[PDB]
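A short worksheet on the structure shown next.
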Amino acid sequence: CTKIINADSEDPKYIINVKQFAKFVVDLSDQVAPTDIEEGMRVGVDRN
Amino acid sequence: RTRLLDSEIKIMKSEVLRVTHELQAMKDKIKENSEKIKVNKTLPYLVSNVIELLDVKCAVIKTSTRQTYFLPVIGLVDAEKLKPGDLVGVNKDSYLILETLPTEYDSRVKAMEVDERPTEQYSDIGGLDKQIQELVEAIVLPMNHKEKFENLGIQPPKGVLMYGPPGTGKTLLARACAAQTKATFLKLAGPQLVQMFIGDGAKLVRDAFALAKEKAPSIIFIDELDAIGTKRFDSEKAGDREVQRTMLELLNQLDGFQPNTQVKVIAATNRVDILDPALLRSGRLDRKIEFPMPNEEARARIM
Amino acid sequence: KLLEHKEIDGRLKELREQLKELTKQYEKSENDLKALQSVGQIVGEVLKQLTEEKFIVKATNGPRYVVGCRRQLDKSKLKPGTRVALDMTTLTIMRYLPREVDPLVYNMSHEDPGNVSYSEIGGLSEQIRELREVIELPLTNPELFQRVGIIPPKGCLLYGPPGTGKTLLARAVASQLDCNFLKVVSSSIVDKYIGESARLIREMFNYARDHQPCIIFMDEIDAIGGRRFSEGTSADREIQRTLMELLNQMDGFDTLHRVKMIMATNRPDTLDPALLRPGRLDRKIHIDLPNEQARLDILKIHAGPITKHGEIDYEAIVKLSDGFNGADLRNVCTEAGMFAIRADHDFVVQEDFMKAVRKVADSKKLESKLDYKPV
Amino acid sequence: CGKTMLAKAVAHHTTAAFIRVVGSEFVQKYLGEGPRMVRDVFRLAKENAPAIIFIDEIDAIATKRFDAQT
Ligand SMILES: Nc1ncnc2c1ncn2[C@@H]1O[C@H](COP(=O)(O)OP(=O)(O)OP(=O)(O)O)[C@@H](O)[C@H]1O
Ligand SMILES: Nc1ncnc2c1ncn2[C@@H]1O[C@H](COP(=O)(O)OP(=O)(O)OP(=O)(O)O)[C@@H](O)[C@H]1O
Ligand SMILES: Nc1ncnc2c1ncn2[C@@H]1O[C@H](COP(=O)(O)OP(=O)(O)O)[C@@H](O)[C@H]1O
């Protein structure tokens, strides 16, 4: 599980909380269109 | 004309040599953005809070996983824009900063500003011309006619509270003034700043007012402040005190050190004597307005 | 000839055009290649000297460690009590570092946007002189105190009704040096973590000892003050812990020299007598509601930016004013101003003030009126 | 009532070793540091000398009730 924190301009580069583990910015993947990301939601996110 | 011909030949040779050197330099830049992208395309960026800027030029950071760190080489980011207290992305393996994050605001703080922009108009309000008029001149005129205040020269009135019996109607005026302004509008629930993670409500207060500071044309409204505005008291072995911190930081950040005229607090309640005198003091909120009972014609207008 | 010289100059300029870009490229390449070995990132603190090559350190995360040093780090200079940098993989000391800044303290170190002077304040000038007696005189002229043979006072506190000139003094006093002034809201200190409030105020006092002239300031101390508790909730534990520890940090086994604590709260009726103690807090200063001449001078100060025809008896507004704050008169000025801003009046007529007094009067008919004297 | 200066005077006038700590540093950022912080100081008191250890503000560390869920 994960927790969305903040969006970003142009290329996705969203910010993700785990639960308390780390608070950091990645682009996740590309198999879904980047319109399902809203703050207050939980994605299934890997560690690497 | 032998000297001129020799000068022309030297000019051509120097131009060719400069072209070759510029091509070699461009190839060097190609290897440069190659290495920069291969150290930059590691999209995992563990972020960190910068701590200090040493000189013996060097820097200190504190990461997300609670570890203090010192790095001699600052990295890709130039340090003149860097000041301590910020937060920046950091490579996982190298523990080097690479980019700069804009800000950091809480998700609950994010989910407060109006997205739907409710549609209401003044004709829905009956028998309340005076209150609506004085709210409009106390809010929109500081938003739209700044030079009108400045030409005479005064600070704008800061802080409005409306009160009255709950059936009286005031909320609707919040929706109407939301509909009328083309500015950023933030809304708070009453006890929304009540968390048992200690001082989390303080973080909520400072985060909300920092976001309010970010949008320079903006107004801040809180409904039902009597949850937090309950008067402080002296007692032993019992007594809530988290709401004391929340109310104190609320009052201070709206009025106290670093006074600011960019956001206007709008404050609703249904009773007044619960409210602590500190918030209603004189200038921590300015305009106290009562809702009268709909006397005889306002009822017909509303129905 | 001339065209050849022009071509040579243009080619040289084109070659030197990328010279700054080439310098940036070399700097970035060197930065990346050094960043391959600038990974030596982790920070610890040394405990004791086992040998000249055997040392014990503690990480800022957790466990302690046994670590040595390279042969050019001045091992005698590594006293117990200093911060140092470590490697991860070999876990070796590379460099001693000076004391940290802890950027929370930096956030209110020199951020002061105010520049108000003592002319903007008024009506309480003898209290300003009383505060100056402890905040200015011993810092510049300490010699008379050892001539009379007593220590200058360690700190003072302010109290009174709300909004009655405290932080004017505090944002007025804050506009004097701007380098020895630290100032906190007594609310940012608390945090959801375990005990970090004590840590941050410890390093705050350490920073105060770092620069020997420093003035600390905590306002609205009620949030940390309280009286005491017999463990109703659980947050009372660590906030009272922070309190107790603050007390022992201000007068425990230390000469807190050239550091002055000036306080501010709305109501001292909810403070610990341990915090109220004359040994702890020396002088208590009350600010009352402004007097008639004080109200006169205050509104005259707030009569700075005014445009109108001057036929105004200030005495009438003064006489109608009673029990009025040090701030609501400025609201009265503003509210007569908004009377002027309706019906298109660039000036202000003389009458708009008095109704404004009436306008503020009923607005403070809903007050609590609690004196809340200190015990 | 002079509870600190008595400790100050006996620490100034002692011949043997003495040690003190502010009575709140036994809580730390991480887990279990405090038990080390008391065990090592007791061990140093044992090792060093016929010394005297001073502890203050026990109310910071000794309460009546507890909530083993926070
Ligand atoms: N004696 C005074 N002279 C001039 N202005 C005053 C005086 N007392 C209060 N004010 C006004 O009060 C307003 C608030 O000032 P400030 O923030 O310093 O408050 P305070 O008196 O320290 O109290 P509190 O923090 O409880 O509001 C300012 O606009 C200031 O002009
Ligand atoms: N015999 C004495 N009685 C009272 N105060 C004394 C005495 N001798 C010195 N003092 C000084 O008078 C003040 C009262 O004592 P002090 O402030 O040290 O409180 P304390 O009891 O020592 O500390 P605490 O109560 O926090 O444990 C201090 O300045 C103290 O140094
Ligand atoms: N013209 C009007 N004047 C007064 N009240 C109205 C009018 N039109 C609708 N109302 C009622 O007033 C309510 C507005 O909410 P309000 O009572 O001000 O919220 P709160 O009680 O939380 O302050 C609406 O629910 C509506 O039923």
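Chain labels run A, B, ... following the order of the structure tokens; each chain numbers its residues from 1, and ligands are numbered from 1 in the order shown.
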Close residues, range 4-15 of chain A itself excluded, 8 Å, only C-alpha atoms, min 6 positions apart in chain, as number ranges by chain:
A: 23-28, 34, 37-43; B: 43, 106-107
Output the selection as a PDB file, in the first residue's frame - C-alpha atoms for each residue.
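Result written to result34.pdb:
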```pdb
ATOM      1  CA  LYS A  23       8.027  10.322   1.848  1.00  0.00           C
ATOM      2  CA  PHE A  24       9.359  10.540  -1.643  1.00  0.00           C
ATOM      3  CA  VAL A  25       8.834  11.457  -5.289  1.00  0.00           C
ATOM      4  CA  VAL A  26       8.741   9.001  -8.212  1.00  0.00           C
ATOM      5  CA  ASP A  27       6.861   8.327 -11.390  1.00  0.00           C
ATOM      6  CA  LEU A  28       5.218   4.981 -10.827  1.00  0.00           C
ATOM      7  CA  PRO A  34      -2.389   9.722 -15.362  1.00  0.00           C
ATOM      8  CA  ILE A  37      -4.318  10.208  -9.181  1.00  0.00           C
ATOM      9  CA  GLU A  38      -6.017  12.407  -6.593  1.00  0.00           C
ATOM     10  CA  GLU A  39      -4.812  13.281  -3.108  1.00  0.00           C
ATOM     11  CA  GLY A  40      -6.368  11.090  -0.449  1.00  0.00           C
ATOM     12  CA  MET A  41      -5.963   7.723  -2.134  1.00  0.00           C
ATOM     13  CA  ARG A  42      -3.921   4.536  -1.900  1.00  0.00           C
ATOM     14  CA  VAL A  43      -2.028   2.752  -4.688  1.00  0.00           C
TER      15      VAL A  43
ATOM     16  CA  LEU B  43      13.276   8.516 -10.754  1.00  0.00           C
ATOM     17  CA  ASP B 106      -0.708  18.369   4.137  1.00  0.00           C
ATOM     18  CA  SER B 107      -3.197  16.316   2.130  1.00  0.00           C
TER      19      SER B 107
END
```
Within 9 Å of ligand 2, counting only C-alpha atoms and all ligand atoms, which protein or nucleic acid residues do you find, written as number ranges by chain?
C: 247-248, 251-252, 274, 277-280; D: 1-8, 56-57
So which residues touch residue 15 in chain D within 10 Å, counting only C-alpha atoms, skipping near sequence neighbours fewer than 3 positions away, as a count of residues only?
6
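Residues in contact with residue 101 in chain C at 8 Å, where only C-alpha atoms are counted and same-chain residues fewer than 6 positions away are skipped, are listed as residues 51 and 52 of chain B; 207 of chain C.
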Just write the chosen residues, N, CA, C and O atoms, as a compact mmCIF listing (two decimals), in the first residue's frame.
```txt
# COMPACT_ATOMS: atom_id res chain seq x y z
N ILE B 51 19.55 21.26 6.18
CA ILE B 51 19.76 21.62 7.57
C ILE B 51 20.69 22.81 7.71
O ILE B 51 20.36 23.79 8.39
N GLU B 52 21.86 22.75 7.09
CA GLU B 52 22.84 23.81 7.22
C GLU B 52 23.66 23.89 5.95
O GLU B 52 23.70 22.95 5.15
N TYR C 207 22.33 27.41 21.62
CA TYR C 207 22.56 28.51 20.69
C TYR C 207 22.62 29.83 21.42
O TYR C 207 23.38 30.73 21.02
```
Quick check for you: according to DSSP on this backbone, which residues of chain A are classed as strand (DSSP E or B)? Reply as a list in words.
residues 3, 4, 5, 6, 14, 15, 16, 17, 23, 24, 25 and 26 of chain A
Do you know which residues are within 8 Å of ligand 1 using only C-alpha atoms and all ligand atoms? Can you write them as a compact mmCIF listing (two decimals) with N, CA and C atoms, in the first residue's frame?
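Result saved to selection_12.txt:
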```
# COMPACT_ATOMS: atom_id res chain seq x y z
N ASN B 252 -2.57 33.67 17.27
CA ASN B 252 -1.28 34.31 17.02
C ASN B 252 -1.02 34.44 15.53
N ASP B 255 -3.17 37.08 14.22
CA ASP B 255 -2.81 38.39 14.76
C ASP B 255 -1.76 38.24 15.85
N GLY B 256 -0.71 39.03 15.75
CA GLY B 256 0.40 38.94 16.67
C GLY B 256 1.68 39.36 15.98
N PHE B 257 2.72 38.53 16.05
CA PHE B 257 3.91 38.81 15.27
C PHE B 257 3.64 38.62 13.78
N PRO B 259 2.47 40.79 11.28
CA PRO B 259 1.13 41.08 10.77
C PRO B 259 1.12 41.15 9.26
N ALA B 278 -9.91 36.22 23.92
CA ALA B 278 -8.65 36.49 23.24
C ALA B 278 -8.83 36.60 21.73
N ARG B 281 -10.91 39.88 20.44
CA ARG B 281 -10.34 40.92 21.28
C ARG B 281 -10.64 42.33 20.79
N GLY B 283 -9.01 43.38 17.21
CA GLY B 283 -8.49 43.48 15.87
C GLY B 283 -8.07 42.13 15.34
N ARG B 284 -8.03 41.16 16.25
CA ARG B 284 -7.94 39.77 15.83
C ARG B 284 -9.18 39.36 15.07
N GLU C 120 6.09 54.76 17.47
CA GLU C 120 4.82 54.15 17.10
C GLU C 120 4.06 53.66 18.32
N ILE C 121 4.78 53.24 19.35
CA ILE C 121 4.13 52.86 20.60
C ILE C 121 4.01 54.09 21.49
N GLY C 122 3.15 54.00 22.49
CA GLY C 122 3.01 55.11 23.42
C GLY C 122 2.06 54.76 24.55
N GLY C 123 2.07 55.63 25.56
CA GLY C 123 1.19 55.51 26.70
C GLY C 123 1.73 54.68 27.85
N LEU C 124 2.86 54.00 27.67
CA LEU C 124 3.40 53.11 28.68
C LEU C 124 4.92 53.25 28.75
N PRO C 161 -4.50 42.64 30.06
CA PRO C 161 -5.64 42.35 29.18
C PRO C 161 -5.13 42.06 27.78
N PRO C 162 -5.97 41.50 26.91
CA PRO C 162 -5.48 41.11 25.58
C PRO C 162 -5.30 42.33 24.69
N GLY C 163 -4.24 42.31 23.89
CA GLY C 163 -4.02 43.37 22.93
C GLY C 163 -3.57 44.68 23.50
N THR C 164 -3.03 44.66 24.72
CA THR C 164 -2.69 45.90 25.45
C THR C 164 -1.17 46.15 25.52
N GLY C 165 -0.59 46.48 24.35
CA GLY C 165 0.83 46.78 24.13
C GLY C 165 1.75 45.83 24.90
N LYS C 166 2.06 44.67 24.30
CA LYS C 166 3.14 43.77 24.80
C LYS C 166 4.23 43.45 23.74
N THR C 167 3.69 43.04 22.59
CA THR C 167 4.37 42.65 21.34
C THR C 167 4.63 43.90 20.52
N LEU C 168 4.01 45.01 20.90
CA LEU C 168 4.37 46.28 20.23
C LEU C 168 5.80 46.47 20.74
N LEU C 169 5.91 46.42 22.06
CA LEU C 169 7.21 46.45 22.75
C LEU C 169 8.02 45.31 22.13
N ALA C 170 7.43 44.11 22.07
CA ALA C 170 8.19 42.99 21.49
C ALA C 170 8.49 43.11 19.99
N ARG C 171 7.72 43.87 19.23
CA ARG C 171 8.05 43.95 17.78
C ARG C 171 8.71 45.33 17.73
N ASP C 219 6.26 33.94 23.45
CA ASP C 219 5.00 34.61 23.72
C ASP C 219 3.84 33.63 23.72
N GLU C 220 2.80 34.00 24.46
CA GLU C 220 1.65 33.15 24.76
C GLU C 220 2.12 31.81 25.34
N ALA C 264 5.60 36.70 27.70
CA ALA C 264 4.34 37.34 27.34
C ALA C 264 3.24 36.30 27.39
N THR C 265 2.13 36.65 28.04
CA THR C 265 0.96 35.80 28.08
C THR C 265 -0.27 36.67 28.23
N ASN C 266 -1.41 36.13 27.80
CA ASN C 266 -2.66 36.85 27.98
C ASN C 266 -3.15 36.76 29.42
N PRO C 290 -5.35 51.49 28.40
CA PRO C 290 -4.74 52.81 28.25
C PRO C 290 -5.55 53.92 28.92
N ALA C 294 -3.17 58.51 27.44
CA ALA C 294 -2.57 57.42 26.68
C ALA C 294 -3.41 57.08 25.46
N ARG C 295 -4.73 57.03 25.63
CA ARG C 295 -5.61 56.81 24.49
C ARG C 295 -5.49 57.95 23.49
N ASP C 297 -2.80 59.85 22.92
CA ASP C 297 -1.55 59.71 22.19
C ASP C 297 -1.59 58.53 21.22
N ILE C 298 -2.27 57.45 21.60
CA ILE C 298 -2.36 56.28 20.73
C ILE C 298 -3.15 56.62 19.48
N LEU C 299 -4.30 57.28 19.63
CA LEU C 299 -5.09 57.61 18.46
C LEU C 299 -4.41 58.68 17.63
N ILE C 301 -1.19 58.74 17.26
CA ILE C 301 -0.28 57.90 16.49
C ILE C 301 -1.02 57.26 15.33
N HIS C 302 -2.23 56.77 15.58
CA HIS C 302 -3.05 56.24 14.51
C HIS C 302 -3.74 57.34 13.70
N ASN C 325 -9.30 49.20 24.39
CA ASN C 325 -8.03 48.53 24.19
C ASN C 325 -6.98 49.50 23.64
N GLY C 326 -5.74 49.02 23.55
CA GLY C 326 -4.74 49.76 22.82
C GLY C 326 -4.82 49.59 21.32
N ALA C 327 -5.71 48.74 20.84
CA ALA C 327 -5.83 48.45 19.42
C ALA C 327 -7.15 48.87 18.81
N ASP C 328 -8.24 48.85 19.58
CA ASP C 328 -9.56 49.13 19.03
C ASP C 328 -9.72 50.58 18.58
N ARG C 330 -7.46 52.09 16.74
CA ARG C 330 -7.08 52.00 15.34
C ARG C 330 -8.20 51.42 14.50
```
Within 12 Å of residue 59 in chain C using only C-alpha atoms, minus same-chain residues under 4 positions, as a compact mmCIF listing (two decimals) with N, CA and C atoms, in the first residue's frame:
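Output (out_0.txt):
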```txt
# COMPACT_ATOMS: atom_id res chain seq x y z
N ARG B 66 14.70 9.45 8.86
CA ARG B 66 15.20 9.91 10.16
C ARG B 66 16.69 9.62 10.33
N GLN B 67 17.50 10.25 9.48
CA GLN B 67 18.94 10.12 9.58
C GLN B 67 19.63 11.41 9.17
N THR B 68 20.47 11.93 10.06
CA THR B 68 21.22 13.15 9.81
C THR B 68 22.46 12.84 8.98
N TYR B 69 22.80 13.77 8.08
CA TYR B 69 23.74 13.47 7.02
C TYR B 69 24.55 14.71 6.67
N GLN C 41 28.41 10.03 3.97
CA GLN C 41 27.29 10.91 4.28
C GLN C 41 26.86 10.88 5.75
N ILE C 42 27.04 9.77 6.46
CA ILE C 42 26.41 9.57 7.77
C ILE C 42 27.15 10.34 8.86
N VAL C 43 26.38 10.86 9.82
CA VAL C 43 26.84 11.78 10.86
C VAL C 43 26.71 11.10 12.22
N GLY C 44 27.78 11.16 13.03
CA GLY C 44 27.72 10.67 14.39
C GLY C 44 28.37 11.60 15.40
N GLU C 45 28.51 11.13 16.64
CA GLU C 45 29.09 11.93 17.70
C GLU C 45 29.98 11.05 18.57
N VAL C 46 31.18 11.54 18.87
CA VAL C 46 32.21 10.74 19.52
C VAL C 46 31.93 10.65 21.02
N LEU C 47 32.27 9.52 21.63
CA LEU C 47 31.98 9.31 23.04
C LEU C 47 33.23 9.41 23.91
N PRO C 63 22.36 2.75 17.12
CA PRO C 63 23.44 2.08 17.86
C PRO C 63 24.75 2.85 17.86
N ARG C 64 25.54 2.62 18.90
CA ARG C 64 26.90 3.12 18.92
C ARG C 64 27.80 2.20 18.10
N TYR C 65 29.03 2.66 17.87
CA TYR C 65 29.97 1.95 17.02
C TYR C 65 31.39 2.20 17.50
N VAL C 66 32.29 1.31 17.08
CA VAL C 66 33.72 1.47 17.28
C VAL C 66 34.33 1.85 15.94
N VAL C 67 35.09 2.95 15.92
CA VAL C 67 35.55 3.57 14.68
C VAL C 67 36.95 4.13 14.92
N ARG C 83 30.76 16.66 17.24
CA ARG C 83 30.09 15.98 16.15
C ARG C 83 31.08 15.69 15.02
N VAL C 84 30.86 14.58 14.32
CA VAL C 84 31.82 14.09 13.33
C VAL C 84 31.05 13.40 12.21
N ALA C 85 31.70 13.25 11.06
CA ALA C 85 31.11 12.60 9.90
C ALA C 85 31.69 11.21 9.73
N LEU C 86 30.88 10.30 9.19
CA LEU C 86 31.27 8.90 9.05
C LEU C 86 31.06 8.41 7.63
N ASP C 87 31.76 7.33 7.32
CA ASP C 87 31.52 6.50 6.15
C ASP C 87 30.42 5.50 6.46
N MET C 88 29.80 4.94 5.42
CA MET C 88 28.91 3.82 5.69
C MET C 88 29.67 2.51 5.69
N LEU C 91 32.77 2.59 7.57
CA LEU C 91 32.35 3.24 8.81
C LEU C 91 33.54 3.86 9.54
N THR C 92 34.15 4.85 8.88
CA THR C 92 35.33 5.50 9.42
C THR C 92 35.12 7.00 9.51
N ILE C 93 35.77 7.60 10.50
CA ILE C 93 35.73 9.04 10.67
C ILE C 93 36.51 9.71 9.55
N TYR D 30 14.79 7.51 19.80
CA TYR D 30 14.66 6.13 19.38
C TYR D 30 14.24 5.26 20.56
```
Residues within 9 Å of ligand 3, counting only C-alpha atoms and all ligand atoms, as a PyMOL selection string:
chain B and resi 122-128+162-174+223-224+268-270+291+293-294+298-299+301-303
Have a look at CA of residue 104 in chain B and CA of residue 87 in chain B and let me know their distance in Å, one decimal.
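Separating CA of residue 104 in chain B from CA of residue 87 in chain B is a distance of 8.1 Å.
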Residues of chain C within 10 Å of chain D, counting only C-alpha atoms, as a VMD selection string
chain C and resid 60 to 63 193 to 196 198 to 199 230 to 235 237 to 246 248 to 249 251 to 253
Taking N, CA and C atoms for each residue, export the selection above as a PDB file, in the first residue's frame.
```pdb
ATOM      1  N   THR C  60      23.441   9.071  14.955  1.00  0.00           N
ATOM      2  CA  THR C  60      22.240   9.850  15.226  1.00  0.00           C
ATOM      3  C   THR C  60      20.965   9.099  14.878  1.00  0.00           C
ATOM      4  N   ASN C  61      21.067   7.798  14.607  1.00  0.00           N
ATOM      5  CA  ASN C  61      19.926   6.948  14.312  1.00  0.00           C
ATOM      6  C   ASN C  61      19.629   5.935  15.400  1.00  0.00           C
ATOM      7  N   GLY C  62      20.619   5.568  16.199  1.00  0.00           N
ATOM      8  CA  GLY C  62      20.559   4.325  16.914  1.00  0.00           C
ATOM      9  C   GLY C  62      21.895   3.939  17.502  1.00  0.00           C
ATOM     10  N   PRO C  63      22.363   2.751  17.123  1.00  0.00           N
ATOM     11  CA  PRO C  63      23.440   2.079  17.860  1.00  0.00           C
ATOM     12  C   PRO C  63      24.750   2.847  17.856  1.00  0.00           C
ATOM     13  N   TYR C 193       6.142  13.774  17.906  1.00  0.00           N
ATOM     14  CA  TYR C 193       7.163  12.776  18.177  1.00  0.00           C
ATOM     15  C   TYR C 193       7.343  12.614  19.684  1.00  0.00           C
ATOM     16  N   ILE C 194       8.401  11.907  20.071  1.00  0.00           N
ATOM     17  CA  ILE C 194       8.514  11.399  21.434  1.00  0.00           C
ATOM     18  C   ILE C 194       8.936  12.492  22.418  1.00  0.00           C
ATOM     19  N   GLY C 195      10.085  13.124  22.198  1.00  0.00           N
ATOM     20  CA  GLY C 195      10.581  14.073  23.173  1.00  0.00           C
ATOM     21  C   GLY C 195      11.347  15.215  22.553  1.00  0.00           C
ATOM     22  N   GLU C 196      11.117  15.441  21.261  1.00  0.00           N
ATOM     23  CA  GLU C 196      11.962  16.338  20.486  1.00  0.00           C
ATOM     24  C   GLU C 196      11.764  17.799  20.858  1.00  0.00           C
ATOM     25  N   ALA C 198      11.947  18.873  23.966  1.00  0.00           N
ATOM     26  CA  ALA C 198      13.050  19.061  24.895  1.00  0.00           C
ATOM     27  C   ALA C 198      14.370  19.197  24.154  1.00  0.00           C
ATOM     28  N   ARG C 199      14.564  18.391  23.110  1.00  0.00           N
ATOM     29  CA  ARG C 199      15.786  18.463  22.317  1.00  0.00           C
ATOM     30  C   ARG C 199      15.941  19.825  21.659  1.00  0.00           C
ATOM     31  N   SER C 230      -2.473  15.888  37.454  1.00  0.00           N
ATOM     32  CA  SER C 230      -2.334  14.567  38.057  1.00  0.00           C
ATOM     33  C   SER C 230      -2.677  13.477  37.052  1.00  0.00           C
ATOM     34  N   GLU C 231      -2.221  13.673  35.809  1.00  0.00           N
ATOM     35  CA  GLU C 231      -2.326  12.723  34.700  1.00  0.00           C
ATOM     36  C   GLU C 231      -3.786  12.428  34.346  1.00  0.00           C
ATOM     37  N   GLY C 232      -4.445  13.470  33.856  1.00  0.00           N
ATOM     38  CA  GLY C 232      -5.711  13.269  33.188  1.00  0.00           C
ATOM     39  C   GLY C 232      -5.501  12.583  31.854  1.00  0.00           C
ATOM     40  N   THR C 233      -4.911  13.298  30.906  1.00  0.00           N
ATOM     41  CA  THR C 233      -4.578  12.757  29.601  1.00  0.00           C
ATOM     42  C   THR C 233      -3.149  12.224  29.619  1.00  0.00           C
ATOM     43  N   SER C 234      -2.593  11.981  28.433  1.00  0.00           N
ATOM     44  CA  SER C 234      -1.205  11.561  28.316  1.00  0.00           C
ATOM     45  C   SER C 234      -0.298  12.618  27.706  1.00  0.00           C
ATOM     46  N   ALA C 235      -0.852  13.603  26.996  1.00  0.00           N
ATOM     47  CA  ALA C 235      -0.017  14.655  26.419  1.00  0.00           C
ATOM     48  C   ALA C 235       0.548  15.573  27.492  1.00  0.00           C
ATOM     49  N   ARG C 237       1.916  14.714  30.107  1.00  0.00           N
ATOM     50  CA  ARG C 237       3.192  14.154  30.527  1.00  0.00           C
ATOM     51  C   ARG C 237       4.363  14.844  29.847  1.00  0.00           C
ATOM     52  N   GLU C 238       4.436  14.770  28.519  1.00  0.00           N
ATOM     53  CA  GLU C 238       5.621  15.325  27.886  1.00  0.00           C
ATOM     54  C   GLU C 238       5.583  16.842  27.817  1.00  0.00           C
ATOM     55  N   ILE C 239       4.402  17.474  27.802  1.00  0.00           N
ATOM     56  CA  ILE C 239       4.448  18.935  27.799  1.00  0.00           C
ATOM     57  C   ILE C 239       4.911  19.460  29.160  1.00  0.00           C
ATOM     58  N   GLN C 240       4.460  18.837  30.255  1.00  0.00           N
ATOM     59  CA  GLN C 240       4.967  19.214  31.565  1.00  0.00           C
ATOM     60  C   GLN C 240       6.433  18.852  31.711  1.00  0.00           C
ATOM     61  N   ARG C 241       6.850  17.734  31.105  1.00  0.00           N
ATOM     62  CA  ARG C 241       8.254  17.342  31.084  1.00  0.00           C
ATOM     63  C   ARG C 241       9.105  18.424  30.443  1.00  0.00           C
ATOM     64  N   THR C 242       8.658  18.907  29.283  1.00  0.00           N
ATOM     65  CA  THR C 242       9.301  20.024  28.611  1.00  0.00           C
ATOM     66  C   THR C 242       9.352  21.241  29.518  1.00  0.00           C
ATOM     67  N   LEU C 243       8.287  21.462  30.292  1.00  0.00           N
ATOM     68  CA  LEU C 243       8.251  22.616  31.184  1.00  0.00           C
ATOM     69  C   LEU C 243       9.306  22.534  32.282  1.00  0.00           C
ATOM     70  N   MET C 244       9.249  21.415  32.999  1.00  0.00           N
ATOM     71  CA  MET C 244      10.172  21.122  34.115  1.00  0.00           C
ATOM     72  C   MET C 244      11.602  21.301  33.605  1.00  0.00           C
ATOM     73  N   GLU C 245      11.903  20.675  32.468  1.00  0.00           N
ATOM     74  CA  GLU C 245      13.241  20.666  31.907  1.00  0.00           C
ATOM     75  C   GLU C 245      13.640  22.075  31.510  1.00  0.00           C
ATOM     76  N   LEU C 246      12.682  22.872  31.030  1.00  0.00           N
ATOM     77  CA  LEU C 246      12.963  24.268  30.732  1.00  0.00           C
ATOM     78  C   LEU C 246      13.357  25.014  31.993  1.00  0.00           C
ATOM     79  N   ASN C 248      14.784  23.701  34.735  1.00  0.00           N
ATOM     80  CA  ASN C 248      16.128  23.308  35.134  1.00  0.00           C
ATOM     81  C   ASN C 248      17.160  23.787  34.119  1.00  0.00           C
ATOM     82  N   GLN C 249      16.727  24.083  32.895  1.00  0.00           N
ATOM     83  CA  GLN C 249      17.645  24.618  31.903  1.00  0.00           C
ATOM     84  C   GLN C 249      17.871  26.107  32.101  1.00  0.00           C
ATOM     85  N   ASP C 251      17.621  27.684  35.275  1.00  0.00           N
ATOM     86  CA  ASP C 251      18.376  28.028  36.491  1.00  0.00           C
ATOM     87  C   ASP C 251      19.031  26.810  37.141  1.00  0.00           C
ATOM     88  N   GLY C 252      19.507  25.864  36.344  1.00  0.00           N
ATOM     89  CA  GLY C 252      20.088  24.687  36.956  1.00  0.00           C
ATOM     90  C   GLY C 252      21.527  24.407  36.594  1.00  0.00           C
ATOM     91  N   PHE C 253      22.409  24.561  37.585  1.00  0.00           N
ATOM     92  CA  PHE C 253      23.831  24.222  37.482  1.00  0.00           C
ATOM     93  C   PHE C 253      24.508  24.951  36.326  1.00  0.00           C
TER      94      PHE C 253
END
```
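Nearest to chain A of all the residues B:57, B:81, B:36, B:110 is B:110, counting only C-alpha atoms.
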Name all residues at most 12 Å from residue 49 in chain C (count only C-alpha atoms; drop same-chain ones fewer than 2 positions away) and give them as an mmCIF file with C-alpha atoms, in the first residue's frame.
```cif
data_model
loop_
_atom_site.group_PDB
_atom_site.id
_atom_site.type_symbol
_atom_site.label_atom_id
_atom_site.label_comp_id
_atom_site.auth_asym_id
_atom_site.auth_seq_id
_atom_site.Cartn_x
_atom_site.Cartn_y
_atom_site.Cartn_z
ATOM 1 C CA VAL C 46 32.212 10.737 19.525
ATOM 2 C CA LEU C 47 31.982 9.310 23.044
ATOM 3 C CA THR C 51 43.358 4.682 22.062
ATOM 4 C CA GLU C 52 44.714 7.157 19.542
ATOM 5 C CA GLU C 53 43.277 4.867 16.851
ATOM 6 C CA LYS C 54 40.370 3.247 18.732
ATOM 7 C CA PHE C 55 37.316 5.464 19.199
ATOM 8 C CA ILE C 56 33.687 4.987 20.175
ATOM 9 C CA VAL C 57 30.999 7.001 18.389
ATOM 10 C CA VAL C 66 33.720 1.473 17.279
ATOM 11 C CA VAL C 67 35.551 3.573 14.679
ATOM 12 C CA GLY C 68 39.081 4.714 13.861
ATOM 13 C CA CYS C 69 40.490 7.708 12.020
ATOM 14 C CA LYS C 75 43.152 12.942 17.154
ATOM 15 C CA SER C 76 43.862 15.097 20.218
ATOM 16 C CA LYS C 77 41.306 17.608 18.916
ATOM 17 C CA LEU C 78 38.575 14.932 19.060
ATOM 18 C CA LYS C 79 37.342 15.706 22.551
ATOM 19 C CA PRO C 80 34.305 13.941 24.025
ATOM 20 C CA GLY C 81 31.448 16.209 23.034
#
```
